[PDB]
Ligand SMILES: *[C@@H]1O[C@H](CO)[C@@H](O[C@@H]2O[C@H](CO)[C@@H](O[C@@H]3O[C@H](CO[C@H]4O[C@H](CO)[C@@H](O)[C@H](O)[C@@H]4O)[C@@H](O)[C@H](O[C@H]4O[C@H](CO)[C@@H](O)[C@H](O)[C@@H]4O)[C@@H]3O)[C@H](O)[C@H]2NC(C)=O)[C@H](O)[C@H]1NC(C)=O
Ligand SMILES: *[C@@H]1O[C@H](CO)[C@@H](O[C@@H]2O[C@H](CO)[C@@H](O[C@@H]3O[C@H](CO[C@H]4O[C@H](CO)[C@@H](O)[C@H](O)[C@@H]4O)[C@@H](O)[C@H](O[C@H]4O[C@H](CO)[C@@H](O)[C@H](O)[C@@H]4O)[C@@H]3O)[C@H](O)[C@H]2NC(C)=O)[C@H](O)[C@H]1NC(C)=O
Ligand SMILES: *[C@@H]1O[C@H](CO)[C@@H](O[C@@H]2O[C@H](CO)[C@@H](O[C@@H]3O[C@H](CO[C@H]4O[C@H](CO)[C@@H](O)[C@H](O)[C@@H]4O)[C@@H](O)[C@H](O[C@H]4O[C@H](CO)[C@@H](O)[C@H](O)[C@@H]4O)[C@@H]3O)[C@H](O)[C@H]2NC(C)=O)[C@H](O)[C@H]1NC(C)=O
Ligand SMILES: *[C@@H]1O[C@H](CO)[C@@H](O[C@@H]2O[C@H](CO)[C@@H](O[C@@H]3O[C@H](CO[C@H]4O[C@H](CO)[C@@H](O)[C@H](O)[C@@H]4O)[C@@H](O)[C@H](O[C@H]4O[C@H](CO)[C@@H](O)[C@H](O)[C@@H]4O)[C@@H]3O)[C@H](O)[C@H]2NC(C)=O)[C@H](O)[C@H]1NC(C)=O
Ligand SMILES: *[C@@H]1O[C@H](CO)[C@@H](O[C@@H]2O[C@H](CO)[C@@H](O[C@@H]3O[C@H](CO[C@H]4O[C@H](CO)[C@@H](O)[C@H](O)[C@@H]4O)[C@@H](O)[C@H](O[C@H]4O[C@H](CO)[C@@H](O)[C@H](O)[C@@H]4O)[C@@H]3O)[C@H](O)[C@H]2NC(C)=O)[C@H](O)[C@H]1NC(C)=O
Ligand SMILES: *[C@@H]1O[C@H](CO)[C@@H](O[C@@H]2O[C@H](CO)[C@@H](O[C@@H]3O[C@H](CO[C@H]4O[C@H](CO)[C@@H](O)[C@H](O)[C@@H]4O)[C@@H](O)[C@H](O[C@H]4O[C@H](CO)[C@@H](O)[C@H](O)[C@@H]4O)[C@@H]3O)[C@H](O)[C@H]2NC(C)=O)[C@H](O)[C@H]1NC(C)=O
């Protein structure tokens, strides 16, 4: 008589476990005779899953349990078990068996990809986003056992795992510490996905973390650039030089941030050739301080500028001197006078021309264009590198004649633009000059004769508008009352003036009554160029 | 009749546990009547430790167990327990109770100090030693339960704990990752000491990690230094300038590594004053490229140099021009000649003096020291800023007389060292000169008269050792056979020479037979200074 000890059993059965595990012991006993009580289940669907020993009574697995193999309309599963005998002893017992399936991990978690990629900064702050690692569930949801959980392992790769820690719930790969490493290094970050239920099933993946590409800090060929000097006659398009910087496998974009407030130079963005954008002159500034910046391709692509000190260079562009302006004269009419007895190599006048803005020159070559002169003679010539006009030939018996010539001035020994001025040379004798007798030694007269010439010019130009005083000769005191020699320590200063209104001789009686008419002012205005000495004694006709 | 179920019990008893825990149930039963079996221990030393209920039989603690409270001569502890009754039923039972004490943590671990200090590098590599954290055991040793174990906790300080990990067995605090942080930041690293036994007892400590002190990279006041120019007359001790660099709270030690291979300059190590170590001249180099290094105090103390690019500056020291050398003359004897009829402002000679190494000058002032001259007259004077000697007075009826004067030369209009040379001036008339008749126009003679003077000097110095040819005057062709005028397009070149051996006149017949004796070579050597023209026709006495 097989009877059951208890009619209802309730056992929570773990699913997806490997076969061979025994869970429950169901026991029935024969009252009359026998310990060979046999067990049979009235459920064909769990015969594949469970295997029940018909002699001991242990319930073991033949195939691993699947909750989806059961109908989904039952949150509690109940079947029936009968018990028989070999001979067939009666009464037969009827009991109920309730199998409770625990809801946990069914399939191991599967990653979406095998290999992931990312990028980090060499100075990445705490919490920098890199990439997203996500795996599928392969699990009927609705419980915290269907939620993936991420962590790092340092038993095989301690260097990536101690630096980059994956967030627990979101799976975001952030920076746990501030890293300080070398670029172009590929790490192996093994991330193990696991759930939070019974026997944990897990897999492995690989996260390939490359840092960046170098070429971040540009290296100039020269810290301070000095091009060769460019001419002041340069126009738009003149290449004054080129700047160059080197970086590891990156393109360099150049730009000018300061130094061209007058908008004089420009640079190409992809090459670095600095060319003239507006013509430079000597009236403007002659030296510039240009600030050239060099940037990598990665910071231009990410709208940044390189945060270094060695990204700034200085360019000094100096302007050289060329031919730009024609020479100008001090006066357009240079007036001098020569005597009839004046041999060759005699000093006449000093023609001086200056450039208005050009200072390259050291000496200027002068040329003369001559009108024809009588008796087959030839006119004046001038020294080349000096400009000092000399007397060419003797001019005997020529009264009030004037020899007008033109001086051609061109800088740097002659190449380019030209200028022209007029030179008036008069011929004089004793019938047109006068002798001023002074009480001064001859040493005070000679070393400052041009200043005394200018002061006598200021004297003579007050009485008649327009005069040029030319000192012909200086001598000792020999022009007295009876033309005798009295004192060897005094002087006869022969002073002559030329009227530019007629380009001819001024009468000697006119200059006589001019210089004798203002004597009390002439004796006072002759003061500052003394040195020492006395008064002006008299003025005598030669 | 109280009898025991079993005579010997063996229970491993946990030590140092809080009181109230029950471990063993000892059971005795009365055969006749009673369930109130009472228990008494025969050990006075465990009465403080253990408390035994005389009605139920549970063994609970009254005081926590100490292994040192027991005698140390027993590795196994055994006492005796009797059992009585209220009425005193017989036979009494005798049993043995063996108490086994488990050997684990007795006292919690105690640190040696509360606060520890350390220092780290801003670029510290993996495994950099910092400090030593060590705690006492407070435990009788001889088991792995008396070994301390260190780990970090990131629940309250995630930033220090994720960066610095303490070694497990040695307690050495190393760098787990490469840190990249800011200086002067004090961290709080809580290290919890724990053993590897039963109920873990633990305490807490604090590790104060300061990084370093800044001032590592020096900042120059100028990247490129240019002192004002120093004189060439400077000696040892002249301060040409000073260099300065700034750092955060650190001292700067200066040194020169390149630029002074001739050992010209030196610098003070604690201030930066650059002074002259050897006198600089213009014969040496005029511009230097000095490389000045600035180092922090921490790298000098640790025998290092700062690993930057902005630790190098360039110093350009330029030398200005001062008075160093006296002026030298081209020749110590300048020889010229004047006529008897030579008025004032007449060109005589050009005295030229140059400095041997000084190039500051633009014009040189000359002075004359005169011997006394007859008739109350006064001697020669010279122009100040030119050096051109002019004729002072007329020299009538003076035959073969020479007027020797001395020229004083001092650069920069006169301040300092002086020089002296001799000047010989002779007086000539028509009785000592000669006339050379040539077939050349006058335009070819005047512009190159000094070169023709040098060629005539080379002519005359071949016949007599020592002569100086001075061209007195140039004229048109008027010295013929009968002293008549024939051609106005030809020249009379009056050529005169002075003998320095007597400082007097050379005879005109001597120069006549000199220049007439070598005529076929003179007509060929006169070639390169033509321009154009013909031959030399004749030589006629004036
Ligand atoms: C800027 O750009 C330049 C040029 O573009 C880069 O230079 C190249 O760098 C790559 C990467 O390192 C080189 O590619 C590899 O070269 C190896 C040759 O090894 C040499 O050097 C080692 C160490 O000194 C010697 O022992 C050896 O004998 C060689 O002399 C190859 O063996 C590699 O092939 C292997 O790897 C690849 C990729 O994994 C596989 O597909 C192959 O099948 C093989 O397994 C590889 O080709 C390249 O040679 C470099 N070029 C030059 C001209 O030097 C710079 O690196 C870059 N700058 C930075 C900072 O990255
Ligand atoms: C180095 O890099 C710099 C900066 O990147 C360059 O400067 C840029 O140059 C481009 C090319 O000219 C500019 O792009 C164009 O800008 C025009 C703006 O016109 C201004 O200037 C004119 C003349 O002074 C004024 O009359 C006018 O009012 C504006 O003030 C736009 O109108 C252009 O758009 C037209 O052309 C494009 C292309 O054909 C069409 O698609 C459009 O629909 C439209 O018809 C054009 O965008 C740019 O603006 C400049 N940037 C700056 C900041 O100024 C340098 O040129 C470069 N160096 C070299 C040598 O190339
Ligand atoms: C800006 O400034 C620079 C430098 O100051 C000027 O260059 C000078 O130009 C002048 C004029 O040409 C030079 O002066 C002359 O130099 C001659 C040297 O000749 C050289 O070149 C020729 C042709 O290549 C060669 O055949 C020869 O062998 C030489 O290598 C001298 O021989 C000249 O002297 C002669 O002429 C003068 C005047 O007529 C006479 O008085 C002399 O006795 C002699 O017969 C003359 O000195 C000068 O040398 C140049 N300087 C330099 C440093 O080269 C630029 O010209 C100026 N810019 C402009 C636009 O003009
Ligand atoms: C190079 O050397 C200079 C000078 O030696 C240093 O400058 C000093 O730095 C220290 C440390 O920071 C300063 O000391 C502290 O100053 C506090 C004043 O706080 C001011 O600033 C805050 C923030 O702007 C304002 O809110 C506030 O109102 C003040 O204006 C004091 O409050 C501090 O006292 C507290 O801390 C100490 C130490 O823990 C305790 O003992 C006190 O009881 C109190 O709790 C402290 O004194 C100092 O003031 C700075 N001096 C100057 C002149 O500025 C540089 O820091 C150094 N360079 C580097 C890189 O470190
Ligand atoms: C900036 O910093 C530099 C480097 O630190 C300094 O150079 C050092 O200067 C000190 C001070 O003179 C030197 O110390 C002494 O060196 C002597 C070596 O003598 C040499 O030179 C002499 C003269 O040319 C030779 O005759 C001789 O043979 C050697 O070649 C030692 O003899 C000294 O020791 C004696 O003096 C000390 C102190 O009194 C005693 O304790 C000793 O027992 C012994 O009697 C002394 O050590 C040092 O050597 C220099 N360093 C280098 C690398 O040369 C600069 O001086 C400093 N700038 C300034 C302005 O101070
Ligand atoms: C290295 O080179 C420098 C620059 O080339 C020299 O400095 C020059 O020195 C000379 C000589 O003294 C100067 O030439 C003269 O300058 C006078 C200007 O006087 C100034 O100074 C005085 C005193 O402080 C003031 O009272 C006055 O108001 C002025 O401020 C001119 O007046 C001079 O001209 C007079 O003398 C000459 C010669 O006799 C006459 O021909 C004139 O007609 C006039 O009467 C004279 O020009 C020159 O100016 C200085 N240059 C500069 C830029 O200052 C250094 O001297 C030299 N080194 C050495 C060691 O000598």
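Chains as they are written, first to last, in PDB author numbering: chain A, 821 to 1362; chain B, 821 to 1362. Note that CB positions come from ideal geometry on N, CA and C, so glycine has one too.
For residue 936/A, the enclosing beta strand (DSSP E) stretches over residues 935-938.
Check the Cα spacing between residue 1138/B and each of 947/B, 1104/B, 1132/B, 871/B: the tightest is with 1104/B.
The alpha-carbon of residue 1158/B is positioned some 7 Å away from that of residue 1292/B. Look at residue 1308/B: its C-beta is under 8 Å from a C-beta on chain A. In the same chain as residue 837/A, and ignoring 5 residues on each side of it, the C-beta atoms closer than 8 Å to its own belong to 881, 884, 885, 1019, in chain order. Taking C-beta atoms under 8 Å as the contact rule, residue 1254/B and residue 1332/B qualify, at a distance of about 6 Å. Short note on residue 1038/A: C-beta not closer than 7 Å to any heavy atom of ligand 1. Residue ranges of uninterrupted beta strand (DSSP E) with 3 or more members, entirely inside the region 1165-1226 of chain A and ordered along the chain, are 1167-1170, 1173-1175, 1185-1189, 1208-1210. Taking a beta-carbon distance threshold of 8 Å, residue 1249/B does not count as an interface residue toward chain A.
Going by C-alpha positions, residue 1023/A is about 16 Å away from residue 986/A.
Assignment of residue 1306/A by DSSP, reduced to helix, strand and coil, places it in the coil class. Checking the 7 Å criterion, the Cβ of residue 942/B is out of range of every heavy atom belonging to ligand 4. Counting only runs of at least 3 residues, the region 872-910 of chain A fully encloses the following beta strand (DSSP E) elements, listed from N- to C-terminal order: 879-881, 897-904. Only those residues of the region 1006-1029 of chain B whose C-beta falls short of 7 Å from the nearest C-beta of chain A would be listed, and there are none. Among the residues of chain A, those whose CB is under 9 Å from the CB of residue 1294/B are 1163, 1164, 1165, following chain order. With a threshold of 16 other beta carbon atoms within 10 Å, residue 1212/B meets it and is buried. In this model, residue 1109/B and residue 1049/B are separated by some 14 Å (Cα to Cα). Relative to ligand 1, the beta carbon of residue 928/B is positioned no closer than 7 Å to any heavy atom. Using a CB distance cut-off of 8 Å, residue 1041/B does not count as an interface residue toward chain A. With a cutoff of 8 Å on beta-carbon distance, residue 1265/B and residue 1305/B are scored as not near each other. If you look at residue 1264/B, you'll find it isn't in any beta strand (DSSP E); it sits in the alpha helix (DSSP H) that goes 1263-1266.
Ligand 5 has a heavy atom closer than 7 Å to the beta-carbon of residue 1089/B. Taking all protein chains shown into account, residue 868/B has fewer than 16 neighbouring C-beta atoms within 10 Å of its C-beta and is therefore exposed. A distance below 6 Å between beta-carbons, with the five flanking residues on each side excluded, links residue 1007/B to the following residues of its chain, in chain order: 980, 1029.
In the DSSP assignment, residue 970/B forms a beta bridge with 1013/B.
In this structure, the straight-line span from the alpha carbon of residue 1119/A to that of residue 923/A is close to 53 Å. With fewer than 16 other Cβ atoms from the protein chains shown falling within 10 Å of its own Cβ, residue 842/B counts as exposed. Contact between residue 1177/A and residue 1145/A holds, with the beta-carbon distance rounding to 5 Å and staying under 8 Å.
Scanning its chain for C-beta atoms nearer than 7 Å, with the 5 sequence neighbours on each side dropped, one finds around residue 1299/B the residues 1255, 1257, 1312, 1360, 1362, in chain order. Here residue 1184/B is buried. Its C-beta has 16 or more other C-beta atoms within 10 Å.
Distance from the CA of residue 1336/A to the CA of residue 1344/A, rounded to the nearest whole angstrom, comes to 14 Å.
In this structure, residue 1004/B has its beta carbon less than 7 Å from a heavy atom of ligand 4. Only residues of its own chain outside the window of five on either side were considered, and among them 1038, 1113, 1114 have a CB closer than 7 Å to the CB of residue 1131/B, listed in chain order. Interface annotation, residue 998/B: in contact with chain A, CB-CB separation under 8 Å.
The three-state secondary structure of residue 1036/A, taken from DSSP, is coil. The DSSP assignment places complete alpha helix (DSSP H) segments of no fewer than 4 residues inside the region 944-1005 of chain B at 978-981, in order along the chain.
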